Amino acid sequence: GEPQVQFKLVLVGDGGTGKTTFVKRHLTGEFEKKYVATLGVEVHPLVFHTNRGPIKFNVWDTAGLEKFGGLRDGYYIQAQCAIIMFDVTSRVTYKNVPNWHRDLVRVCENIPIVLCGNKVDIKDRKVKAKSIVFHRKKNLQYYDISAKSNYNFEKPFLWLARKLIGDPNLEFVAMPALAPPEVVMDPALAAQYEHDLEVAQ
């Protein structure tokens, strides 16, 4: 009878930015993933547990290394939300963000979108906070991320659940089982970066 609250999420951005690494941190979603042969995609079911009940994000991760413009319409059709990703050690991935946005909005129009800057465990960072107080001003929320250490993993999913359910006080009551950190996210470096965003804001 009474079914599941489920949302289609489309994960997009340049080849090599860490999209498959980020979505694979949720272990039960990787083990139960579904290979949809004909659209070139892997659909991952990520269940999150809130104070108002359980929610599911059906994350569509492309299986190729496609280029801006080269994602069929079927990949985006009926999407309810999205995450756009770039790598902070490569400037060309961040310059392509606007074209990935243009592709989404043409097919889906006004849907809640989060912007993510990955690989902030690396010391030699090229794209900093002062240049990210830019683009995000499309009604787009920004978060610094590190996929291999699990740094800020829940933040993009918590922001999208608040918009789609309609409650700004919604919280997660327990965290999903996650793959153990494989790199070190220095604790004083993370604090320096957070201070930099507030300065930039």
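A residue's number is simply how far along the shown sequence it sits, counting from 1.
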{"item": "Selected stretch [higher average CA B-factor]: 32-40 or 49-57", "value": "32-40"}
{"item": "185-193 versus 18-26 - which carries the larger mean C-alpha B factor in the record", "value": "185-193"}
{"item": "Candidate set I165, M175, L158, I145 [ranked by C-alpha B-factor, highest]", "value": "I165"}
{"item": "Relative C-alpha B-factor of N96, binned into the chain's lowest, middle or highest third", "value": "middle"}
{"item": "Relative C-alpha B-factor of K119, binned into the chain's lowest, middle or highest third", "value": "lowest"}
{"item": "CA B-factor ranking of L71, expressed as a third of its chain", "value": "highest"}
{"item": "Among modelled residues of the same chain, the CA temperature factor third for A129", "value": "highest"}
{"item": "Ranked against its chain, the third holding the CA B-factor of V105", "value": "highest"}
